[PDB]
Ligand code: SRM
Ligand code: SF4
Ligand SMILES: [K+]
């Protein structure tokens with residue numbers, strides 16, 4: 001288990017060739033596993049640092065995780081600056097010993113693909129005239145819980161306010177240090193920013209950030225999100241450039257019989273002009289393809305099975321690694337997802353909603369790596385073949401799903417979803433999401449204040 005520091009998930013093709021080689025000749029699984037934090041992982045490393053170092057990559061005492069950045073903004077020009085800022089916060093936060101690991105993102109509305117509410121510190125980009133002018137700071141998200149422990153909880157991030165671009169690093173540092181100092185010194189399970197905020201108060205925390213940063217936040221500038229999914233397929237970028245996002249189930253890059261995904265990405269990397277972007281959804285964007293290069297790239301991706309069409313449901317589903325490599329796994333996630341969505345696809349078709357989607361996620365244990373706690377339908381592993389079923393989140397990821405059923409099996413999960421989806425298909429309003437609907441229809445009470453009403 002080695003993991004690289006790759007802000008915004010942008011990786012060059014040169015770097016891609018060096019990791020593809022290593023993955024194949026020096027690991028048990030021979031795979032490249034894209035993670036939901038925009039970086040990659042090798043599994044079963046049988047040196048790695050000199051390999052990383054040689055292509056300019058570095059492997060992260062440091063309580064800092066990979067800083068995310070919206071990978072494919074609708075206003076393509078905004079990416080360059082937002083990415084430059086992600087990269088700067090990354091290097092800036094690089095060595096203080098934090099009580100718990102600190103997660104940070106730079107978001108570009110209206111896309112919340114980086115799933116901000118799962119993170120400690122978030123900078124929501126505010127642009128004017130195609131230029132970033134500042135950020136809206138949201139602080140305090142975290143998804144990890146412990147089964148049966150009502151003192152733990154998933155929490156969404158809180159809005160602190162707006163800050164001009166210039167005050168970015170000072171604020172970033174102030175948040176880190178204030179969590180570092182105020183973080184719970186007695187228990188590690190209460191040491192996350194989300195716990196500290198609830199202990200001292202958002203306002204008490206905010207006032208301190210201001211004092212330390214040397215500024216005063218301005219009121220939050222309007223922003224809204226419309227989704228969290230990737231833009232699978234070709235999208236027009238700036239100039240004559242195009243972006244091809246490839247759907248990769250579980251982000252597992254390996255050559256399968258008749259679907260050489262791994263060789264396919266290597267072939268593309270060899271003729272690709274720009275670079276690649278690893279998404280927060282475990283997919284890969286072949287970025288900056290000249291219009292003239294579209295057919296060449298598409299030809300390879302197509303041959304390799306990288307462009308095999310899947311349903312919208314599949315494209316919007318996610319699972320953590322879990323078995324066989326995770327030591328904390330309670331139930332299958334990655335290896336369970338595919339056949340599981342095979343089942344969901346059938347139920348979707350049975351209900352005439354095959355063109356629809358439900359943000360469906362499966363996490364192998366309460367730690368929550370699969371981000372099931374921000375899904376419309378989340379599966380939290382409890383034991384082999386068993387999961388806690390949570391319902392009631394939303395498409396954009398701003399609501400925590402309450403536990404609906406506990407410790408049940410797939411046949412039981414499927415039987416419950418069969419009935420709920422059927423109701424949704426027939427009783428929903430125009431454009432109404434499944435999560436919102438379960439809450440509107442009274443199928444599940446909403447979680448309005450995580451720290452106080454997440455547990456029944
Ligand atoms: C690879 C990935 C899930 C995936 O399939 O993509 C993952 C994989 C692993 N996670 Fe994670 N988590 C991943 C994103 C996160 C997420 C979601 C996110 O960050 O977007 C969270 C939930 C949000 C949160 O932090 O609250 C998450 C919360 C945890 C926790 C709980 C931490 C806590 O505060 O309690 C742990 C366990 C721990 O460290 O105590 C952890 C533990 C672990 C490790 C590294 C297991 C371990 O501690 O030894 C899991 C490794 C499995 C394996 O064999 O590879 N992981 N994990 C993600 C790696 C991200 C990265 O590149 O750094
Ligand atoms: S959620 Fe649990 S099982 Fe899944 S990858 Fe994270 S630690 Fe392992
Ligand atoms: K994926």
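Numbers run from 1 along the shown chain.
This entry, so its header tells us, was determined using X-ray crystallography, 2.1 Å.
Placed from the backbone N, Cα and C atoms, the Cβ positions cover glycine too.
According to Swiss-Prot, the protein carries these features:
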| type | residues | note |
| --- | --- | --- |
| BINDING | 320, 326, 365, 369 | [4Fe-4S] cluster binding site |
| BINDING | 369 | siroheme binding site |
For this session: Over the unmodelled segment of 26 residues, figure out how far apart in angstrom the Cα atoms of residue 95 and residue 96 are, rounded to whole.
Result: 7
Problem set entry | Around the Cβ of residue 365 ([4Fe-4S] cluster binding site), the count of other Cβ atoms that are within 10 Å | 23
Exercise. So 3 residues are missing between residue 60 and residue 61 in the deposited model; what's the C-alpha distance in angstrom?
Worked result: 9
Exercise. Which binding-site residues from the set 326, 365, 369 come near ligand 1, judged by a Cβ under 6 Å from any of its atoms?
Worked result: 326, 369
Problem set entry | Listed in sequence order, residues not in 320, 326, 365, 369 with Cβ within 8 Å of the centre of the [4Fe-4S] cluster site Cβ atoms | 321, 322, 328, 329, 333, 363, 364, 367, 368, 370, 381
Seminar exercise, completed: With the fewest other Cβ atoms within 10 Å, the residue among the binding-site residues 320, 326, 369 is 326
For this session: For the stretch where 5 residues weren't modelled, take the C-alpha of residue 46 and of residue 47 and tell me their separation in angstrom, rounded to whole.
Result: 11
